[PDB]
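Here's target25.cif, which has mmCIF, C-alpha atoms and all ligand atoms:
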data_entry
#
loop_
_atom_site.label_atom_id
_atom_site.label_comp_id
_atom_site.auth_asym_id
_atom_site.auth_seq_id
_atom_site.Cartn_x
_atom_site.Cartn_y
_atom_site.Cartn_z
CA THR A 17 59.77 -24.14 -10.19
CA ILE A 18 57.92 -21.21 -8.61
CA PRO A 19 59.40 -19.52 -5.52
CA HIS A 20 57.10 -19.39 -2.50
CA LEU A 21 57.00 -16.19 -0.46
CA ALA A 22 55.38 -15.34 2.87
CA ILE A 23 54.99 -11.62 2.08
CA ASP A 24 51.45 -10.40 2.74
CA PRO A 25 50.81 -7.66 0.13
CA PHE A 26 47.62 -6.74 2.04
CA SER A 27 49.14 -6.11 5.49
CA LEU A 28 49.58 -2.71 7.12
CA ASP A 29 53.36 -3.13 7.12
CA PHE A 30 53.16 -3.65 3.35
CA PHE A 31 50.91 -0.64 2.71
CA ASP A 32 53.20 1.52 4.85
CA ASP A 33 56.25 0.84 2.65
CA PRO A 34 55.68 -1.57 -0.26
CA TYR A 35 58.72 -0.73 -2.39
CA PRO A 36 61.30 -3.02 -0.68
CA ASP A 37 58.90 -5.98 -0.73
CA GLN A 38 57.97 -5.18 -4.34
CA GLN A 39 61.62 -5.52 -5.41
CA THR A 40 61.77 -8.82 -3.53
CA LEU A 41 58.70 -9.91 -5.52
CA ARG A 42 60.20 -8.83 -8.86
CA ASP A 43 63.66 -10.30 -8.24
CA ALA A 44 62.35 -13.63 -6.92
CA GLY A 45 61.17 -14.49 -10.44
CA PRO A 46 58.58 -13.66 -13.09
CA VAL A 47 55.93 -15.74 -11.28
CA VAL A 48 55.74 -16.18 -7.51
CA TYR A 49 53.36 -17.98 -5.17
CA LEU A 50 52.10 -16.14 -2.07
CA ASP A 51 51.50 -18.75 0.63
CA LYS A 52 49.57 -16.26 2.80
CA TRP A 53 46.55 -16.28 0.48
CA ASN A 54 47.31 -19.24 -1.84
CA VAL A 55 47.57 -17.09 -4.97
CA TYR A 56 49.98 -16.56 -7.82
CA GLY A 57 51.70 -13.20 -8.07
CA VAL A 58 53.47 -11.29 -10.84
CA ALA A 59 55.36 -8.09 -10.03
CA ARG A 60 57.42 -7.33 -13.16
CA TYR A 61 56.14 -5.10 -15.95
CA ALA A 62 56.40 -7.82 -18.60
CA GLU A 63 54.18 -10.36 -16.84
CA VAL A 64 51.71 -7.77 -15.54
CA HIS A 65 51.29 -6.43 -19.07
CA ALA A 66 50.90 -9.93 -20.54
CA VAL A 67 48.19 -10.95 -18.07
CA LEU A 68 46.17 -7.77 -18.65
CA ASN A 69 46.28 -8.25 -22.44
CA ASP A 70 45.16 -11.91 -22.36
CA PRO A 71 41.53 -11.63 -21.18
CA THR A 72 40.67 -15.12 -22.45
CA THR A 73 43.21 -16.98 -20.31
CA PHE A 74 43.11 -14.57 -17.33
CA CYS A 75 39.39 -13.92 -16.98
CA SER A 76 37.61 -11.17 -15.07
CA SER A 77 34.13 -12.74 -14.72
CA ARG A 78 35.27 -14.85 -11.74
CA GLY A 79 36.19 -11.68 -9.83
CA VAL A 80 38.99 -9.12 -9.95
CA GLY A 81 39.47 -9.59 -6.20
CA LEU A 82 40.74 -12.53 -4.19
CA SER A 83 37.36 -14.24 -3.93
CA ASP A 84 36.44 -16.59 -6.78
CA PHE A 85 32.87 -15.95 -7.91
CA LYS A 86 32.71 -19.57 -9.11
CA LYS A 87 33.34 -20.59 -5.47
CA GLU A 88 31.80 -17.79 -3.37
CA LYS A 89 28.95 -15.40 -3.90
CA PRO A 90 30.00 -11.77 -4.48
CA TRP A 91 29.20 -9.29 -1.72
CA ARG A 92 27.28 -7.24 -4.32
CA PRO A 93 25.83 -8.05 -7.75
CA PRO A 94 28.77 -8.30 -10.16
CA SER A 95 29.72 -5.28 -12.23
CA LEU A 96 28.52 -5.57 -15.82
CA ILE A 97 31.84 -4.23 -17.17
CA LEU A 98 34.65 -4.69 -14.64
CA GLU A 99 33.66 -8.26 -13.70
CA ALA A 100 32.72 -9.47 -17.19
CA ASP A 101 34.58 -10.99 -20.13
CA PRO A 102 34.09 -10.53 -23.87
CA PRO A 103 31.70 -10.62 -25.53
CA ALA A 104 29.47 -9.85 -22.52
CA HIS A 105 31.87 -7.02 -21.63
CA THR A 106 31.95 -5.49 -25.12
CA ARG A 107 28.66 -3.61 -25.47
CA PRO A 108 28.49 -2.25 -21.88
CA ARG A 109 32.10 -1.13 -22.34
CA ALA A 110 31.24 0.56 -25.64
CA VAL A 111 28.41 2.50 -23.95
CA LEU A 112 30.55 3.77 -21.08
CA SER A 113 33.29 4.73 -23.55
CA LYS A 114 30.73 6.92 -25.36
CA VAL A 115 29.34 8.37 -22.12
CA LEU A 116 32.89 9.40 -21.09
CA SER A 117 33.94 10.08 -24.67
CA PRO A 118 36.32 12.72 -26.04
CA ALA A 119 33.24 14.65 -27.17
CA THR A 120 31.89 14.52 -23.61
CA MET A 121 35.10 16.02 -22.20
CA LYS A 122 34.58 19.14 -24.33
CA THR A 123 31.25 19.92 -22.66
CA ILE A 124 32.69 19.62 -19.13
CA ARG A 125 36.28 20.87 -19.47
CA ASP A 126 35.54 24.57 -18.94
CA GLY A 127 33.49 23.96 -15.80
CA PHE A 128 36.08 21.50 -14.52
CA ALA A 129 38.88 24.01 -15.17
CA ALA A 130 37.02 26.95 -13.62
CA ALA A 131 36.27 24.96 -10.46
CA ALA A 132 39.95 23.98 -10.30
CA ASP A 133 41.10 27.60 -10.54
CA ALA A 134 38.55 28.68 -7.92
CA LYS A 135 39.65 25.96 -5.49
CA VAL A 136 43.33 26.95 -5.68
CA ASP A 137 42.33 30.59 -5.20
CA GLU A 138 40.30 29.57 -2.13
CA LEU A 139 43.18 27.52 -0.70
CA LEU A 140 45.70 30.33 -1.23
CA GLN A 141 43.56 32.53 1.04
CA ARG A 142 43.98 29.94 3.81
CA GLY A 143 47.71 29.33 3.31
CA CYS A 144 48.10 26.19 5.43
CA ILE A 145 45.65 23.52 4.29
CA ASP A 146 45.19 19.75 4.15
CA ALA A 147 46.03 18.77 0.57
CA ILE A 148 43.82 15.68 0.97
CA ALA A 149 40.55 16.91 2.47
CA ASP A 150 40.79 20.49 1.17
CA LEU A 151 42.19 19.68 -2.28
CA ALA A 152 42.43 16.00 -3.24
CA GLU A 153 38.95 15.32 -1.83
CA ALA A 154 37.27 18.73 -2.08
CA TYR A 155 37.89 19.33 -5.79
CA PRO A 156 36.58 16.03 -7.28
CA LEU A 157 33.65 16.20 -4.86
CA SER A 158 32.96 19.63 -6.38
CA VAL A 159 32.79 18.51 -10.03
CA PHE A 160 32.18 14.77 -10.33
CA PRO A 161 28.85 14.33 -8.45
CA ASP A 162 27.44 17.22 -10.49
CA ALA A 163 28.76 15.73 -13.74
CA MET A 164 27.13 12.44 -12.71
CA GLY A 165 23.83 14.24 -12.19
CA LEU A 166 23.52 13.35 -8.50
CA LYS A 167 21.31 15.22 -6.07
CA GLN A 168 22.93 17.17 -3.26
CA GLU A 169 21.60 15.05 -0.39
CA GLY A 170 23.45 11.89 0.60
CA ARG A 171 26.73 12.69 -1.17
CA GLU A 172 28.51 11.85 2.10
CA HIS A 173 27.97 8.18 1.18
CA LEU A 174 30.01 8.39 -2.04
CA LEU A 175 33.56 8.23 -0.70
CA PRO A 176 32.75 5.62 2.01
CA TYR A 177 31.10 3.45 -0.65
CA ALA A 178 34.10 3.74 -2.99
CA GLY A 179 36.58 2.77 -0.28
CA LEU A 180 34.37 -0.19 0.60
CA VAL A 181 34.35 -1.46 -2.99
CA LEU A 182 38.13 -1.23 -3.28
CA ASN A 183 38.66 -2.79 0.16
CA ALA A 184 36.35 -5.66 -0.82
CA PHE A 185 38.71 -6.65 -3.65
CA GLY A 186 41.24 -7.73 -1.01
CA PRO A 187 41.40 -10.82 1.18
CA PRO A 188 39.03 -11.34 4.12
CA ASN A 189 41.30 -9.37 6.44
CA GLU A 190 39.88 -6.91 8.96
CA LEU A 191 40.05 -4.05 6.44
CA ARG A 192 37.67 -5.86 4.08
CA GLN A 193 35.42 -7.28 6.79
CA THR A 194 35.05 -4.03 8.75
CA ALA A 195 34.15 -2.27 5.50
CA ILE A 196 31.48 -4.81 4.56
CA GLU A 197 30.15 -4.75 8.15
CA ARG A 198 29.41 -1.00 7.61
CA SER A 199 28.05 -1.16 4.06
CA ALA A 200 24.24 -1.20 4.29
CA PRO A 201 23.68 2.60 4.39
CA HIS A 202 26.19 3.25 1.60
CA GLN A 203 24.79 0.47 -0.60
CA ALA A 204 21.20 1.71 -0.23
CA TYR A 205 22.03 5.30 -1.21
CA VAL A 206 24.12 4.37 -4.26
CA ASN A 207 21.60 1.83 -5.57
CA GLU A 208 18.82 4.43 -5.35
CA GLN A 209 20.71 7.20 -7.17
CA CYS A 210 21.40 4.76 -10.04
CA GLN A 211 17.71 4.78 -10.97
CA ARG A 212 16.76 6.98 -13.91
CA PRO A 213 14.40 9.39 -12.04
CA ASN A 214 17.22 10.39 -9.67
CA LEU A 215 19.79 11.29 -12.36
CA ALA A 216 19.76 14.90 -13.54
CA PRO A 217 19.49 15.44 -17.32
CA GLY A 218 22.78 15.84 -19.16
CA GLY A 219 24.82 14.05 -16.50
CA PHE A 220 26.81 10.87 -16.92
CA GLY A 221 24.12 8.78 -15.25
CA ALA A 222 21.31 10.12 -17.42
CA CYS A 223 23.47 9.60 -20.52
CA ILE A 224 23.85 5.91 -19.62
CA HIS A 225 20.09 5.43 -19.37
CA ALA A 226 19.67 7.11 -22.77
CA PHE A 227 21.92 4.42 -24.31
CA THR A 228 19.34 1.70 -23.61
CA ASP A 229 17.64 2.56 -26.92
CA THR A 230 20.45 1.32 -29.17
CA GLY A 231 20.47 -2.38 -28.31
CA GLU A 232 23.86 -2.22 -26.59
CA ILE A 233 22.41 -2.28 -23.06
CA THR A 234 18.92 -2.94 -21.77
CA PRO A 235 17.04 -0.67 -19.35
CA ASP A 236 17.71 -3.15 -16.53
CA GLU A 237 21.48 -2.88 -17.20
CA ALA A 238 21.72 0.92 -16.88
CA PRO A 239 21.55 1.14 -13.03
CA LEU A 240 24.51 -1.22 -12.62
CA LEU A 241 26.57 0.75 -15.15
CA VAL A 242 25.80 3.92 -13.20
CA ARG A 243 26.94 2.04 -10.07
CA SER A 244 30.33 1.44 -11.72
CA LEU A 245 30.87 5.18 -12.20
CA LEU A 246 29.95 5.84 -8.56
CA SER A 247 32.33 3.05 -7.47
CA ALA A 248 35.38 3.94 -9.58
CA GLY A 249 35.06 7.59 -10.65
CA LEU A 250 35.73 9.45 -7.40
CA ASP A 251 38.14 7.89 -4.90
CA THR A 252 40.53 6.85 -7.68
CA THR A 253 40.84 10.47 -8.81
CA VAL A 254 41.18 11.75 -5.23
CA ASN A 255 44.29 9.67 -4.56
CA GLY A 256 45.68 10.45 -8.02
CA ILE A 257 45.46 14.19 -7.43
CA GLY A 258 46.67 13.63 -3.88
CA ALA A 259 49.61 11.73 -5.35
CA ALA A 260 50.41 14.57 -7.76
CA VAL A 261 50.48 17.19 -5.00
CA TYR A 262 52.51 14.80 -2.83
CA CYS A 263 55.18 14.41 -5.52
CA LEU A 264 55.22 18.15 -6.23
CA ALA A 265 55.74 18.61 -2.49
CA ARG A 266 58.53 16.01 -2.35
CA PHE A 267 60.17 17.12 -5.64
CA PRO A 268 60.29 20.94 -5.63
CA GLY A 269 62.53 20.89 -8.71
CA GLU A 270 59.65 19.31 -10.62
CA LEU A 271 57.22 21.95 -9.30
CA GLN A 272 59.46 24.72 -10.65
CA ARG A 273 59.61 23.06 -14.07
CA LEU A 274 55.82 22.79 -14.07
CA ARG A 275 55.51 26.49 -13.23
CA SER A 276 57.80 27.41 -16.13
CA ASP A 277 55.65 25.40 -18.57
CA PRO A 278 52.10 24.82 -17.29
CA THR A 279 51.37 22.84 -20.47
CA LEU A 280 53.25 19.98 -18.74
CA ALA A 281 50.30 19.65 -16.35
CA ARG A 282 48.70 16.70 -18.15
CA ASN A 283 51.94 14.70 -18.20
CA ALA A 284 52.79 15.74 -14.64
CA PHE A 285 49.56 14.07 -13.52
CA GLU A 286 50.21 11.02 -15.71
CA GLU A 287 53.67 10.60 -14.17
CA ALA A 288 52.07 10.89 -10.73
CA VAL A 289 49.68 8.09 -11.71
CA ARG A 290 52.69 5.94 -12.62
CA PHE A 291 54.81 7.02 -9.64
CA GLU A 292 52.24 6.31 -6.92
CA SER A 293 49.81 4.01 -8.78
CA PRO A 294 46.55 4.77 -6.92
CA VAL A 295 45.29 1.33 -8.00
CA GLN A 296 48.04 -0.91 -6.65
CA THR A 297 46.68 -4.41 -7.29
CA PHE A 298 43.82 -6.54 -8.52
CA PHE A 299 43.32 -10.13 -9.60
CA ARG A 300 42.64 -12.34 -12.58
CA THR A 301 41.53 -15.98 -12.66
CA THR A 302 43.03 -18.55 -15.02
CA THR A 303 40.48 -20.33 -17.21
CA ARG A 304 43.08 -22.85 -18.36
CA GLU A 305 46.48 -24.32 -17.47
CA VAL A 306 48.79 -21.58 -18.77
CA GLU A 307 52.56 -21.11 -18.97
CA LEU A 308 53.64 -17.61 -17.89
CA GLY A 309 57.31 -16.65 -17.94
CA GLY A 310 58.36 -20.29 -17.68
CA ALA A 311 55.96 -21.37 -14.91
CA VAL A 312 52.87 -23.54 -15.31
CA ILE A 313 49.77 -22.04 -13.67
CA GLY A 314 46.77 -24.34 -13.34
CA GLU A 315 43.15 -23.64 -14.17
CA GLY A 316 40.97 -21.66 -11.79
CA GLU A 317 43.89 -19.97 -10.03
CA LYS A 318 43.88 -16.36 -8.84
CA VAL A 319 46.68 -14.23 -10.30
CA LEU A 320 47.61 -11.10 -8.34
CA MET A 321 49.02 -8.27 -10.46
CA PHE A 322 51.17 -5.62 -8.76
CA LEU A 323 50.46 -2.56 -10.91
CA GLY A 324 52.54 -0.25 -8.73
CA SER A 325 55.49 -2.63 -8.86
CA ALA A 326 55.16 -2.91 -12.64
CA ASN A 327 55.23 0.90 -12.87
CA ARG A 328 58.52 0.90 -10.91
CA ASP A 329 60.23 -2.06 -12.61
CA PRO A 330 63.80 -1.08 -13.62
CA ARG A 331 63.63 -3.69 -16.40
CA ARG A 332 61.14 -1.33 -18.09
CA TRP A 333 61.61 2.16 -16.60
CA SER A 334 64.82 4.19 -16.42
CA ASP A 335 65.14 5.51 -12.84
CA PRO A 336 61.66 4.39 -11.75
CA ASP A 337 61.90 5.88 -8.24
CA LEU A 338 62.27 9.34 -9.83
CA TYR A 339 59.27 11.62 -10.34
CA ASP A 340 59.87 13.13 -13.80
CA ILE A 341 57.11 15.26 -15.33
CA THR A 342 58.78 15.07 -18.76
CA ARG A 343 59.14 11.28 -18.73
CA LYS A 344 57.50 9.44 -21.62
CA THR A 345 55.01 7.52 -19.46
CA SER A 346 53.55 5.74 -22.51
CA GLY A 347 52.88 2.12 -21.55
CA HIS A 348 52.41 2.44 -17.78
CA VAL A 349 49.65 0.30 -16.29
CA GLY A 350 48.33 2.79 -13.75
CA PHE A 351 45.08 2.84 -15.74
CA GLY A 352 45.41 -0.82 -16.72
CA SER A 353 45.94 -2.09 -20.25
CA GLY A 354 43.85 -3.97 -22.79
CA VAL A 355 40.09 -4.41 -23.09
CA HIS A 356 39.50 -3.37 -19.45
CA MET A 357 41.80 -0.31 -19.43
CA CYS A 358 40.11 2.37 -17.34
CA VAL A 359 37.08 3.62 -19.25
CA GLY A 360 37.12 6.84 -17.22
CA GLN A 361 40.75 7.74 -17.87
CA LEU A 362 39.71 10.84 -19.82
CA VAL A 363 37.72 12.19 -16.86
CA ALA A 364 40.59 11.48 -14.45
CA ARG A 365 43.19 13.06 -16.75
CA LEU A 366 40.97 16.12 -17.23
CA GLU A 367 40.61 16.62 -13.46
CA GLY A 368 44.32 16.07 -12.84
CA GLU A 369 45.43 18.32 -15.71
CA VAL A 370 43.28 21.32 -14.79
CA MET A 371 44.19 21.04 -11.11
CA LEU A 372 47.94 20.82 -11.78
CA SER A 373 47.55 23.59 -14.36
CA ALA A 374 45.91 25.80 -11.72
CA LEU A 375 48.70 25.04 -9.25
CA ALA A 376 51.34 25.76 -11.89
CA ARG A 377 49.88 29.20 -12.65
CA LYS A 378 49.06 30.27 -9.07
CA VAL A 379 51.41 28.52 -6.61
CA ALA A 380 55.10 29.27 -6.03
CA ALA A 381 55.96 26.62 -3.42
CA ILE A 382 54.36 23.60 -1.73
CA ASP A 383 55.91 22.78 1.66
CA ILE A 384 54.83 20.04 4.04
CA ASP A 385 54.21 21.61 7.45
CA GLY A 386 52.57 18.80 9.41
CA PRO A 387 52.40 15.06 10.06
CA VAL A 388 51.75 13.03 6.92
CA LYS A 389 49.19 10.27 7.55
CA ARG A 390 48.73 7.36 5.15
CA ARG A 391 45.31 5.97 4.25
CA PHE A 392 45.25 2.17 4.27
CA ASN A 393 43.25 0.21 1.69
CA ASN A 394 43.42 -3.29 0.24
CA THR A 395 43.54 -1.88 -3.31
CA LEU A 396 44.14 1.87 -3.04
CA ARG A 397 47.37 3.62 -2.09
CA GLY A 398 46.92 7.19 -0.92
CA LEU A 399 47.34 9.69 1.87
CA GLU A 400 44.92 10.21 4.75
CA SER A 401 46.20 13.75 5.40
CA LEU A 402 48.81 15.99 3.74
CA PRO A 403 49.34 19.26 5.65
CA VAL A 404 50.96 21.72 3.25
CA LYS A 405 51.62 25.45 3.15
CA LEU A 406 50.76 27.03 -0.21
CA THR A 407 52.81 30.08 -1.19
CA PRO A 408 51.15 32.30 -3.83
CA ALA A 409 53.12 32.85 -7.02
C1 LIG A 501 43.47 8.26 -11.08
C2 LIG A 501 42.29 7.80 -11.51
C3 LIG A 501 42.00 6.34 -11.94
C4 LIG A 501 42.79 5.24 -11.90
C5 LIG A 501 44.24 5.11 -11.39
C6 LIG A 501 42.03 4.12 -12.42
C7 LIG A 501 42.47 2.82 -12.55
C8 LIG A 501 41.81 1.81 -13.21
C9 LIG A 501 42.38 0.53 -13.58
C10 LIG A 501 43.83 0.09 -13.30
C11 LIG A 501 41.43 -0.19 -14.20
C12 LIG A 501 41.60 -1.62 -14.77
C13 LIG A 501 40.79 -2.63 -13.96
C14 LIG A 501 41.02 -4.02 -14.49
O1 LIG A 501 41.76 -4.17 -15.49
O2 LIG A 501 40.45 -4.99 -13.92
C15 LIG A 501 40.22 0.61 -14.24
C16 LIG A 501 39.00 0.26 -14.79
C17 LIG A 501 37.84 1.00 -14.72
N1 LIG A 501 37.74 2.31 -14.31
FE1 LIG A 501 39.27 3.46 -13.62
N2 LIG A 501 40.78 4.58 -12.78
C18 LIG A 501 40.73 5.93 -12.50
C19 LIG A 501 39.64 6.75 -12.72
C20 LIG A 501 38.39 6.34 -13.14
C21 LIG A 501 37.28 7.21 -13.44
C22 LIG A 501 37.36 8.75 -13.32
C23 LIG A 501 36.24 6.43 -13.81
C24 LIG A 501 34.81 6.84 -14.24
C25 LIG A 501 34.38 8.10 -14.34
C26 LIG A 501 36.68 5.05 -13.75
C27 LIG A 501 35.92 3.94 -14.06
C28 LIG A 501 36.41 2.69 -14.38
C29 LIG A 501 35.66 1.55 -14.85
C30 LIG A 501 34.13 1.50 -15.08
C31 LIG A 501 36.51 0.54 -15.05
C32 LIG A 501 36.14 -0.86 -15.57
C33 LIG A 501 36.40 -0.83 -17.07
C34 LIG A 501 36.39 -2.21 -17.66
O3 LIG A 501 36.38 -3.20 -16.88
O4 LIG A 501 36.38 -2.33 -18.91
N3 LIG A 501 38.00 5.03 -13.34
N4 LIG A 501 40.49 1.82 -13.63
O1 LIG A 502 38.55 1.20 -9.17
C1 LIG A 502 38.33 0.20 -9.90
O2 LIG A 502 39.30 -0.49 -10.32
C2 LIG A 502 36.90 -0.16 -10.29
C3 LIG A 502 35.96 -0.37 -9.30
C4 LIG A 502 34.65 -0.69 -9.64
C5 LIG A 502 34.29 -0.80 -10.97
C6 LIG A 502 32.86 -1.16 -11.34
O3 LIG A 502 31.93 -1.00 -10.50
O4 LIG A 502 32.59 -1.63 -12.48
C7 LIG A 502 35.24 -0.59 -11.96
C8 LIG A 502 36.54 -0.27 -11.62
CL CL A 503 26.09 -2.15 -4.23
#
Rewrite the structure of this file - the entire thing - as C-alpha cells.
Ligand code: HEM
Ligand SMILES: O=C(O)c1ccc(C(=O)O)cc1
Ligand SMILES: [Cl-]
Amino acid sequence: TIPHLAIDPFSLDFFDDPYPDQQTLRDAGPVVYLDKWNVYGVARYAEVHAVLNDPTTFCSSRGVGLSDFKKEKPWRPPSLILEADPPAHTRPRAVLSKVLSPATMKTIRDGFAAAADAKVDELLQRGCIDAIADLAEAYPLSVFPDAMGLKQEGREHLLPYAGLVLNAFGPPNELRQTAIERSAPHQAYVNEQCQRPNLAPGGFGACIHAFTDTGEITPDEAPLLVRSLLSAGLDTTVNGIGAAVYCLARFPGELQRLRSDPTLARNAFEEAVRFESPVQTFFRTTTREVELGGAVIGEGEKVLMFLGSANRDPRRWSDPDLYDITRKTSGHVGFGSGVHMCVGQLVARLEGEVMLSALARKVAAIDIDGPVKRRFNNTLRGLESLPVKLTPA
C-alpha cells in the first residue's frame, strides 16, 4: 500500500541538498512511510494542505515534533497555542491575533521601515558584508526585541533559544540533543522576560498581559504566550530575510525588476518564503484511523509534512524552482494554513517588505564574494553566512 523509504529528512546530507530527495518523496506516492523514524510522510502540496486544514484528525496537542506528548514528556511546558487544539487553541490564538493585528502594524511600520533604511545605508558604507550576521540577523534584532518590550541585557539568549526550540521539534539526533544539553541558560532568561514586570509598556509582551482582563486568557497564561513570540518571532524572520537576499543574489534579473518597481517588495519577500521555506517541516498526530490519498493511517501516528516540498510541487506550482517576484504565491504553505497558520505573519511580512524595499531603492547589485555556509537545523533551513558585496544604486 504505502511505499517505505530510508531517506532521513533530518540528516546533514538532506539539509545540504533536500530538493532531489523531496522529489523522490513526492513521486513515491501521496503518503510514504519513513523507516528511519517510524513516521508517515506527505510531500505533495495536496496532502500537506489537507493535513493542515484538518485539525481534528491531525491534532497538534500531542506535539508538532517527532515526540508524542501522550508517550513522552515535552522538554518544556507545551505552548498554549502551537501545541493545542480547538477549542483550547481558540482564545489564546484570538489574543495573539489581536496583539499582532493589522492595527498594531500601523503603530510599528514607520519605525520598522526607518530602521530598515538605516541598516542598508550602514551596510553600503561597508561594501562587503555578511548578509546573514550584518543584515538577516542584525535588522530583526534591531526592531523585534524592542517591539516585544524586552530589556537590553540578555538579548544574546534570544537567537540560541529560538534555534533550540526549532531543533527540538526534530528526532533525537545529535542536533536536537546537543541543543537541549545547552538549554538551561537560554530557558532561564526567556522565562524571566515573559513576566509582566519585565515587559516594557506598549510592546507585544505587555499587550499580551493586558488581554488577561477579557476572559480570553488568564494571568497565568500570559507568560507562556509571550514565550511563543520569543520562540517563533525572530529566527523565522532572520532566515526569511536571509532567503530573500540569497535569491536576489542568485537571480540578478529579479533584483533589477524589484529596483524598477519597489512596490513589488512585499511579494518578493513572499516568493522568497515559498522558494526557500524557512520552516521546512513539522508534525501532526492522528487522533483516528484516517484515509489520506488512498492510504490508511492508524490512530496515534506521527505525520511529517514537508512544507518546502509542497511549495515546490510541480503538480501545484508552474516552474517551482524559479524565483519569480511577480508570481501569484497565494496558497503557499510557508506560513502554514488553517487554524494554526502563522499568527505573526503580518510582523514577518512587514519586516521583509521594508527591508526589500530599502534594498530596491538603494542597492544596484548584490554579488556573492565569499564562501556560502549553510546553517543546519532540524526544522529551519537557512544560511550560516552569506558574504556579499553591495553596490550602491
Ligand atoms: C518568515 C517568517 C515566519 C515563518 C516562515 C513562519 C512559519 C510558521 C508556520 C509554518 C506556522 C504553522 C505551525 C503549525 O501549523 O504547526 C507558524 C505558526 C506560528 N508562528 Fe510563525 N512564521 C514566521 C514568523 C513568525 C513571527 C514573526 C511570529 C511572531 C511575532 C510567529 C509566531 C508564530 C506562532 C505563535 C505560531 C503558532 C500559531 C498557532 O499555532 O496557531 N511566526 N509559523
Ligand atoms: O517556528 C514555529 O513554527 C513556532 C515555534 C514555537 C511556537 C510557540 O512557542 O508557540 C510557535 C511556532
Ligand atoms: Cl522554555
Close residues, residue A:23 itself excluded, 12 Å, all atoms listed in the file, min 5 positions apart in chain, as a PDB file with C-alpha atoms, keeping the file's coordinate frame:
ATOM      1  CA  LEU A  28      49.580  -2.710   7.120  1.00  0.00           C
ATOM      2  CA  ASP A  29      53.360  -3.130   7.120  1.00  0.00           C
ATOM      3  CA  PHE A  30      53.160  -3.650   3.350  1.00  0.00           C
ATOM      4  CA  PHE A  31      50.910  -0.640   2.710  1.00  0.00           C
ATOM      5  CA  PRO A  34      55.680  -1.570  -0.260  1.00  0.00           C
ATOM      6  CA  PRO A  36      61.300  -3.020  -0.680  1.00  0.00           C
ATOM      7  CA  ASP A  37      58.900  -5.980  -0.730  1.00  0.00           C
ATOM      8  CA  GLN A  38      57.970  -5.180  -4.340  1.00  0.00           C
ATOM      9  CA  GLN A  39      61.620  -5.520  -5.410  1.00  0.00           C
ATOM     10  CA  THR A  40      61.770  -8.820  -3.530  1.00  0.00           C
ATOM     11  CA  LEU A  41      58.700  -9.910  -5.520  1.00  0.00           C
ATOM     12  CA  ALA A  44      62.350 -13.630  -6.920  1.00  0.00           C
ATOM     13  CA  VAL A  48      55.740 -16.180  -7.510  1.00  0.00           C
ATOM     14  CA  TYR A  49      53.360 -17.980  -5.170  1.00  0.00           C
ATOM     15  CA  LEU A  50      52.100 -16.140  -2.070  1.00  0.00           C
ATOM     16  CA  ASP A  51      51.500 -18.750   0.630  1.00  0.00           C
ATOM     17  CA  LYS A  52      49.570 -16.260   2.800  1.00  0.00           C
ATOM     18  CA  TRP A  53      46.550 -16.280   0.480  1.00  0.00           C
ATOM     19  CA  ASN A  54      47.310 -19.240  -1.840  1.00  0.00           C
ATOM     20  CA  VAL A  55      47.570 -17.090  -4.970  1.00  0.00           C
ATOM     21  CA  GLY A  57      51.700 -13.200  -8.070  1.00  0.00           C
TER      22      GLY A  57
END
Proximity to ligand LIG 502 (chain A) - best of A:244, A:279, A:73, A:113, only C-alpha atoms and all ligand atoms: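 Of A:244, A:279, A:73, A:113, the one nearest ligand LIG 502 (chain A) is A:244, counting only C-alpha atoms and all ligand atoms.
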Protein and nucleic residues near ligand LIG 502 (chain A), 9 Å, all atoms listed in the file, as a ChimeraX atom specification: /A:80,94-99,178,181-182,185,240-252,295,297-298,351-352,356,358-359,395-396
Atomic distance atom CA of residue A:202 - atom CA of residue A:190, expressed in Å with one decimal: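 One can read the atom CA of residue A:202 to atom CA of residue A:190 distance as 18.6 Å.
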Expected residue set, 12 Å radius at (48.2, 31.1, 6.3), only C-alpha atoms, as a PyMOL selection string: chain A and resi 138-146+385+403-408
Let me have the centre and edge lengths of the axis-aligned box enclosing all listed atoms of stretch 338-343 of chain A with 3 Å padding on every side, in Å to one decimal, as JSON.
{"center_x": 59.7, "center_y": 12.3, "center_z": -14.3, "size_x": 11.2, "size_y": 11.9, "size_z": 14.9}
Neighbour list for residue A:155 as a count of residues only, cut-off 10 Å, all atoms listed in the file, skip fewer than 2 positions in-chain: 21
Nearby residues (only C-alpha atoms) at most 9 Å from residue A:26, same-chain spacing under 5 positions excluded, as a VMD selection string: chain A and resid 31 186 to 187 189 393 to 395
Please write as a short mmCIF file (atom, residue, chain, number, x, y, z; two decimals) with C-alpha atoms, in the coordinates of the input the list of polymer residues whose atoms come within 12 Å of (19.2, 2.8, -7.2), counting only C-alpha atoms and keeping to the coordinates of the file.
data_model
loop_
_atom_site.label_atom_id
_atom_site.label_comp_id
_atom_site.auth_asym_id
_atom_site.auth_seq_id
_atom_site.Cartn_x
_atom_site.Cartn_y
_atom_site.Cartn_z
CA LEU A 166 23.52 13.35 -8.50
CA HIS A 202 26.19 3.25 1.60
CA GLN A 203 24.79 0.47 -0.60
CA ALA A 204 21.20 1.71 -0.23
CA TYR A 205 22.03 5.30 -1.21
CA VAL A 206 24.12 4.37 -4.26
CA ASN A 207 21.60 1.83 -5.57
CA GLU A 208 18.82 4.43 -5.35
CA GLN A 209 20.71 7.20 -7.17
CA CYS A 210 21.40 4.76 -10.04
CA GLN A 211 17.71 4.78 -10.97
CA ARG A 212 16.76 6.98 -13.91
CA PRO A 213 14.40 9.39 -12.04
CA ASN A 214 17.22 10.39 -9.67
CA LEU A 215 19.79 11.29 -12.36
CA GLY A 221 24.12 8.78 -15.25
CA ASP A 236 17.71 -3.15 -16.53
CA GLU A 237 21.48 -2.88 -17.20
CA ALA A 238 21.72 0.92 -16.88
CA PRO A 239 21.55 1.14 -13.03
CA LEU A 240 24.51 -1.22 -12.62
CA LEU A 241 26.57 0.75 -15.15
CA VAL A 242 25.80 3.92 -13.20
CA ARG A 243 26.94 2.04 -10.07
CA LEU A 246 29.95 5.84 -8.56
#
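Shortest atom-to-atom contact with ligand LIG 501 (chain A) among A:301, A:193, A:168, A:76: A:76, counting only C-alpha atoms and all ligand atoms.
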From A:198, A:20, A:348, A:343, residue lying nearest residue A:329 [only C-alpha atoms]: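 The closest residue to residue A:329 is A:348.
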Nearest candidate to residue A:230 (options A:282, A:107, A:290, A:328; using only C-alpha atoms):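 For residue A:230, the nearest of the candidates is A:107.
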